[PDB]
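Only one chain comes next, encoded as structure tokens, the form deposited in one PDB entry.
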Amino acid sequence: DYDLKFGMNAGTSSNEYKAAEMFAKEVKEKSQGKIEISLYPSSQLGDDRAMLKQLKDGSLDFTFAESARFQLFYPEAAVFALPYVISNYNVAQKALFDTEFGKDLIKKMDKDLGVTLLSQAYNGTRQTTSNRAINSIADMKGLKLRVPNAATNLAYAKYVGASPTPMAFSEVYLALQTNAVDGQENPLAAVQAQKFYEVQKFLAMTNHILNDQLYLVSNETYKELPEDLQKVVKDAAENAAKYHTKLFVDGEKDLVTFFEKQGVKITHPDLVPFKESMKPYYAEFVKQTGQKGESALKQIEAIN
């Protein structure tokens, strides 16, 4: 029998975990018991980068990773988290699987990083909560928008006309409550997790950054497996991914609905001038990441 480990940063109550449970179920049934995958949630084995390294050395069998996270190896890969570059999840898939940039990055993942990409999932979009309504981009002006201390997030707050306000995540509730800070952005699960709906009366569907999740196997594991058991593992991660995606899609819907119950009001501002405002940031991406950057941007922009 094959005794396989699967690590991930997410927790037992997460969509990522519920879905890896499925993947593990199916690999056990359909390998007629030969393979069995244990779960190591909550960064138990290290952070993402350590788990990625462990996939390369073969000491961890599976792990999760966003596609933007690969910019640690290839800087042009941060294209995936550039604000308004990935309009939707259909863009994230065609970007990864149906472009020369993305086809090639999967080939790099393998050749350089010892990692086989089995499947991709949707892991949620970042949206914007505030003490007052965002009906358009003209509302962004004046807002103390809390972002984490990450270039793409600050570039979002900055270029839309907001006032970016990095602060520690645990300080964010009271900052919002006492209106020291006006809004924040983050996936909807954080809004709920951190109770921001209590201190934020408005939620804007700003669709500004989108997160994905890759089902990754160690090359040392995958190719030591027999051809039939490889396909069992691959099929199961394509099934698990479709589920994972549907968990996030369906749960985002229910969370909008939940928030409305809490007295939050939702807006759907026009995002054409939001993405127009980013062109200065894109210029700076292509400057830093050069020719590889420019074609990634242009090939992904060329999508739907």
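For clarity, a rigid core is taken as the largest C-alpha set superposing within 1.5 Å between two forms. We number the residues from 1 along the sequence you see.
In the PDB entry, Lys234 places in the lowest third of its chain by CA B-factor. Among all modelled residues in this chain, the alpha-carbon of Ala10 has a temperature factor (C-alpha) in the highest third. Annotation for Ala19: CA B-factor lies in the middle third of the chain's modelled residues. For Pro75, the recorded CA temperature factor ranks within the middle third of the chain's modelled residues. The PDB entry assigns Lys103 a C-alpha temperature factor belonging to the middle third of its chain's modelled residues.
If you look for the form deposited in another entry, you will not find it shown, but the lines that follow are about it.
Of the residues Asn211, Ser218, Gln93, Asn186, exactly one exceeds or equals a 2 Å C-alpha shift between the shown form and the other one once the rigid core is aligned, and that residue is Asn186. Taking the rigid core as fixed, one finds a CA shift for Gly58 smaller than 2 Å between the shown form and the other one. Comparing the forms between the shown form and the other one on their rigid core, the Cα displacement of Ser42 stays under 2 Å.
Put the two forms on the same core and the Cα of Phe73 is off by less than 2 Å between the shown form and the other one.
Relative to the shown form, the Cα atoms of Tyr197 and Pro41 move together by 3 Å or more in the other entry. Between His268 and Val91, the C-alpha separation grows by 3 Å or more in the other entry, relative to the conformation displayed.
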